[PDB]
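This document starts with two versions of one protein chain, written out as structure tokens and named structure 1 and structure 2.
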Structure 1
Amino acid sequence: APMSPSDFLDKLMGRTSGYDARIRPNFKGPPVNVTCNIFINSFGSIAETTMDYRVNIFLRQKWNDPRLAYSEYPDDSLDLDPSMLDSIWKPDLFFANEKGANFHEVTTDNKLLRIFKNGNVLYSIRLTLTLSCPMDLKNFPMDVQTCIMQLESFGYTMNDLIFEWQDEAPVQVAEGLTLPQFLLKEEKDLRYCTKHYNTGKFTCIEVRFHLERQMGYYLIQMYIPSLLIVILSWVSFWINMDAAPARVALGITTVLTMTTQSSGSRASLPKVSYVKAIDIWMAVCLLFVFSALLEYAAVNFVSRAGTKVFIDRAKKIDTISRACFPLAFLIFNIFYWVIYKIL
């Protein structure tokens, strides 16, 4: 008859085992090789203001512990109760760019422990992580962001512990996982982030996600409504020059609506000190609207004396402006959209 599980666990890692979790596998020999892979269950809360993003993952860690090799059962592997994780050695993996992180204990510890005949261990744990993602917003809202995730050892130096991504499918994403503001690109870069502190040299592996911001929201809520205000400023040119309060009021309100439009769009962003692509658009839209008001300043000023010579001279400005600003604004959009579509 085969050995009872209770007796087996006691002899392998319990009281009678002589197993010490404070000693690493191959303790006098070469470093432990931990093979990592992650399953991304959820990806979101991508905040420009706080410059971070949230992720829910299953972190898988694989390594060999010869002390856990067994011959008592024919099974290729054994699925163990996760309470046995406290009894075995395991890597001290932490996330270097983590701002917040927690385990999941409902309804029980969200953990998995599997051991193989030859002493291989599979250790999966569910984690929620808030990771820092420094952003370059120069091309906002046509920007593309690279958010990273660093898996590092806190206490073991490179001679004792080394991390490594799986060869096949290191990062997996849940089927049908969508982000409302971004597109998560299929290609994820993998690299080493090996750290050198004054305490020594520590293993660190990295994955980089590429996030492309979706443009459609900004067309509807930012670019189209700015067009509306610029087009509105042009109706001044089809209005009678004698109607001063109407043309001025129409010129002012477009300028002020454009400033609140511009400042309101910057409300959901961090206070960076470089020029963004949306700042260029709003600046130029503000010129075209501001020029339409200066256009009437000229029309009102040259037409002071009611002599036909000046009334017609002022009339000439409106006829030119009626064609030139719509032309000049179209020329600007050609340049603008080509620059941020080509580059």
Structure 2
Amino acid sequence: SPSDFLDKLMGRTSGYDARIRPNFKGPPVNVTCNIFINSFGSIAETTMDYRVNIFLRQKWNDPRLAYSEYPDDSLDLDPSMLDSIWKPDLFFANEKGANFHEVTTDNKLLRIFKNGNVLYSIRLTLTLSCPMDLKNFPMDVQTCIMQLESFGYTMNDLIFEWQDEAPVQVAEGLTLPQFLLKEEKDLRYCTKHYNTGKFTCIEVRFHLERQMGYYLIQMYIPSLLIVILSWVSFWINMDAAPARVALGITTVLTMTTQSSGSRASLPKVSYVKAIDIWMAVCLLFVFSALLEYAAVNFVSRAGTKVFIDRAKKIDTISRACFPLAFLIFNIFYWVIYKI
């Protein structure tokens, strides 16, 4: 008769008040938290948040519930009866959205042990805020957090602490479409301070390194191929007008359809992303490679025997300068965005 033994511990004749905490008069209650992340995803930068599906598990002691007389060494309080026992008011500080699960039954479990220790396993969906900076897109790396805090109880009455062993665990094979969730999860404190008191808070931080593979092959490399076709105009005489104009116009026009083609499938933000610079710089090196040939024609238009040497002087310079100047920019870009 375990269900029956419980309402002797919880009921009218027991004298249990779930509105009152354990050790009411004396020291604080110690709640040992740990989670399991079964699902991690929907990281959006427009709403600046991410969704996670977890099992939260709180463990604590309530000496009001300790027993001995009964043979079975642990009792399972029914989900519907959960009001009838005190439990901590842990909430997620940075939660935007939240809900419990109730299919097929309530996804909640409570075990009170013989020594009074309680075990509370509960399954949640959680939308949490993660302020995001795309400055270095697409070589950026984000840091999302998750704060377990007490709502009304202070440090004088309630204290949260992580598990010593694997407090935060993540399901095997979980994938994100754009980031990689890293294996390191930094645990730390966030104990808040207000003029209304001091409140317990424990934190876990996830790290999210973005992937480039797509932008590398479908944007950086093709733009590099076009900037290489900009330089071959230099290795032709001034007399061949059709080639150097057509190439220059192609190179410019092709680079322009590429920089516009990309824009529709990039994160829509107001500030300058690292990718936005690459497109701009690549446009100069295509633009000026056409503007170079215009400067050659303006000097070598007057077909004097002397200045054709000094006009071909521009071309001999550019043959070494444009490849070098590009490589000086290139070496800056990848060193800065892979420091």
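For the two forms, the rigid core is made up of the largest set of C-alpha atoms that agree within 1.5 Å on superposition. Structure 1's sequence is the ruler for residue numbers, which start at 1.
*Asks:* Just one of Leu129, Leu161, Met222, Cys204 has a C-alpha that shifts by 2 Å or more between structure 1 and structure 2 on a rigid core fit; which is it?
*Replies:* The one that moves 2 Å or more is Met222.
*Asks:* Can you give the rotation, in whole degrees, of the smaller rigid part against the larger between structure 1 and structure 2?
*Replies:* In whole degrees, the smaller rigid segment turns 24.
*Asks:* So, with the core fitted, how far does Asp92 move at its Cα between structure 1 and structure 2, in angstrom?
*Replies:* That residue's C-alpha sits 0.2 Å away in the other form.
*Asks:* Relative to the superposed core, what is the Cα shift for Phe116 between structure 1 and structure 2, in Å?
*Replies:* Comparing the two forms, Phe116 shifts 1.5 Å at C-alpha.
*Asks:* Determine, in Å, the CA shift of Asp76 between structure 1 and structure 2 after the rigid core is used for superposition.
*Replies:* Here the C-alpha difference is 4.0 Å.
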